[PDB]
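Chains as they are written, first to last, in the deposited numbering: chain a, 229 to 284; chain Z, 1 to 57.
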């Protein structure tokens, strides 16, 4: 019974670590996706300005 | 990127060239009305002589 309690404690520790890392990954994931959205926006717009060079 | 920089330069230079061209064209305009006015002057004088010549003839 004592060994079962120790193993259960360690398993619960690991599982809480799992959940916390998953939440951190979620936050990072959202930030990276928004970053790339605005990156592609600014890149397209620099290209549009270059198109302006073509129109000139 | 850098091309847009060249753009700043070429667009400004072309704008200043256009400004100078407009100023020179206006100056030549004014000079041309000056010459038109002087030509009118001698034409009027010679016509005023011509009238009396017509009468005496």
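C-beta atoms are modelled at their ideal positions from N, C-alpha and C, and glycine is treated no differently.
Would you identify the three-state DSSP class for residue i, choosing helix, strand or coil?
| i | result |
| --- | --- |
| residue 229 of chain a | coil |
| residue 284 of chain a | coil |
| residue 13 of chain Z | helix |
| residue 57 of chain Z | coil |
| residue 1 of chain Z | coil |
Here's a check: name, in chain order, each residue in its chain whose Cβ is nearer than 6 Å to the Cβ of residue i, leaving out the five neighbours to either side.
| i | result |
| --- | --- |
| residue 2 of chain Z | none |
| residue 233 of chain a | none |
Please return the same chain residues whose Cβ sits closer than 8 Å to the Cβ of residue i, not counting the five positions on each side in sequence.
| i | result |
| --- | --- |
| residue 6 of chain Z | none |
| residue 280 of chain a | none |
Beta-carbon within less than 7 Å of residue i's beta-carbon, same chain only, minus the 5 sequence neighbours each way: which residues are those?
| i | result |
| --- | --- |
| residue 263 of chain a | none |
Chain a contacts from the stretch 1-31 of chain Z (Cβ-Cβ distance under 7 Å): Of all residues in the stretch 1-31 of chain Z, only 3, 4 and 7 place a beta-carbon less than 7 Å from a beta-carbon of chain a.
Selection of the stretch 270-281 of chain a by Cβ proximity to chain Z, strictly under 9 Å: Close to chain Z, meaning a Cβ-Cβ distance shorter than 9 Å, are the following residues of the stretch 270-281 of chain a: 274, 277, 278, 280 and 281.
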